[PDB]
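Each remark here refers to the structure printed beneath this line.
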C-alpha cells in the first residue's frame, strides 16, 4: 500500500540573509528533497540553506517505505525578501546646549530605530526625530540608525553620525 | 534477540557559540546518529557540533548488533540559547580626583561584570556601579563590561570606555 505523503512546514517567507530551515516529522527508510538552487537532501533534517534570493521557490519531498515504495508528492513554498538599503543618517550638529537636536534620514521604512550613543533605542514611524534638552536622548557622540521594512526585514546598521553639542560659556568677571 | 536500546546524554541546553557534544557509552558493530542540521554520524563519539541556533532540535540514535539487527530508538534534546547583545558602557569621565566615579549601561542582565583597567573584576545585579575614592576600583584608563543572562549565557565583551580622573593642582606660592 503506497505509504502516506510526508508532512512539510507551512508556506513560509524569510528575509535575505535569514535561514531557510526545512525538515519533516515523519519516519522513512530514506527521504528525498529537491529545490530551487540545487538543494538536494536525503535526510529527515536537511542542512540549513542561507536565504539568498536565488533560493526562492518550491521545495519538494517524496519519502521511501521500508519495502522500497515511494510516497506521494508534497511541497512547501519559500519566499525570500530582499534586504532593505543602508539608511543615511545626518544631523544638525554643532548645537548650542539648550537648542533642539534633530536627527533625520531619507530612507523609507515602516519604522525607524534611532540608537543613542549610550545604547538607548527609540522607535518611530517617521524619518525625523527631534530630541529636546530635557529628554533622555539628548546625547552627543556617535548616533546610528537602523530601518525596518513592511515585511519585517531590517537593513544593515548605518554608518554613524557624530553629534556635537557645545557648552554655554560662563559670564565673565569684568 | 533485538539488542538493547543504547544510552544517550540527558536533555541538555547550550549557549549560542558553545559546543554540542554527543556520544554514547555502549558497544556496537556501528552506530547511527541523525539530527537537526543534517548531523550524521556512524561513530560512538561523533564530531562536535558548534552550537548554532539552527542546530536546536532532536538528536536520534539506533545501534547495530554484531549480527546486523538494529536496536530500539532513543533520543536527546538540545536547546541552543541566543547569545546576549553587546553592552554599551559609558561613564562620567573628566572626574576631579575625590569625586565619585560612575559607570553605567543600558543593557538588561541577570548580572553585570565590570572590569577594571588592572583586571579587577566586580559583579553586581544592577546596571549602575558607583566607585568611591577609597575603593580598590577607583581606576582610570580603559574599563570594559560583560553581561550575563538568565540562562547563564554571556555577551561579547563590550567596547572599552576611557575614564580620566584629573589631579587637583597644588596651592601656589603668592
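Residue numbers (our numbering), protein chains in the order written: chain A, 1 to 174; chain B, 1001 to 1174. Heads up, the beta-carbon is just placed ideally off N, CA and C, and yes, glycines get one too.
Per DSSP, the beta bridge partners of residue 1131 of chain B are B:1101. DSSP lists A:78 as the bridge partner or partners of residue 12 of chain A. Taking the Cβ atoms as the reference, residue 1087 of chain B lies roughly 5 angstroms from residue 1147 of chain B, within the contact range of under 8 angstroms.
Within the segment 1094-1114 of chain B, 1104, 1105, 1106, 1107 place their CB atoms closer than 9 angstroms to a CB of chain A, listed in sequence order. The continuous stretches of beta strand (DSSP E) do not include residue 1002 of chain B, and DSSP gives it neither H nor E. By the Cβ-count criterion, residue 1153 of chain B is buried, with 16 or more other Cβ atoms from all chains shown falling within 10 Å of its own Cβ.
Along the segment 1067-1092 of chain B, the positions whose C-beta sits under 8 angstroms from a C-beta of chain A are 1087, 1088, 1090, read in chain order. Proximity of residue 169 of chain A to chain B, defined by a Cβ-Cβ separation below 7 angstroms, is not satisfied.
Contact between the segment 1075-1087 of chain B and the segment 1044-1064 of chain B is established, with three or more Cβ pairs separated by less than 8 angstroms.
At a cut-off of 7 angstroms, the C-beta of residue 47 of chain A has a neighbouring C-beta in chain B. Only residues of its own chain outside the window of five on either side were considered, and among them 1107, 1155 have a CB closer than 8 angstroms to the CB of residue 1085 of chain B, listed in chain order. Scanning the segment 8-55 of chain A for uninterrupted beta strand (DSSP E) segments of 3 residues or longer gives 12-15, listed from N- to C-terminal end.
In summary, residue 25 of chain A is exposed, with fewer than 16 beta-carbon neighbours lying within 10 Å of its beta-carbon over all protein chains present.
Assignment of residue 1156 of chain B by DSSP, reduced to helix, strand and coil, places it in the coil class.
Around the C-beta of residue 73 of chain A, fewer than 16 other C-beta atoms lie within 10 Å, and the residue is accordingly described as exposed. Between residue 1038 of chain B and residue 43 of chain A, the C-beta spacing is below 7 angstroms.
Shown in chain order are the members of the segment 113-136 of chain A whose Cβ falls below 7 angstroms from a Cβ of chain B: 118, 119, 120. For residue 1159 of chain B, not one C-beta of chain A is nearer than 7 angstroms to its own C-beta.
When the five nearest sequence neighbours on each side are left out, no beta carbon in the same chain lies closer than 7 angstroms to the beta carbon of residue 68 of chain A. Taking 8 angstroms as the upper bound for CB-CB distance, residue 1145 of chain B and residue 1112 of chain B are in contact here, some 7 angstroms apart. Taking the CA atoms as reference points, residue 1047 of chain B sits about 9 angstroms from residue 1020 of chain B. For residue 1121 of chain B, the enclosing beta strand (DSSP E) covers residues 1121-1124. In the three-state scheme derived from DSSP, where H, G and I count as helix and E and B as strand, residue 1115 of chain B is classed as strand.
As computed with DSSP, residue 1138 of chain B is found in no beta bridge at all.
Within the segment 17-40 of chain A, 19, 21 place their CB atoms closer than 7 angstroms to a CB of chain B, listed in sequence order.
In the displayed model, residue 57 of chain A falls within a strand according to three-state DSSP. CA-to-CA, the gap between residue 1104 of chain B and residue 118 of chain A works out to about 9 angstroms.
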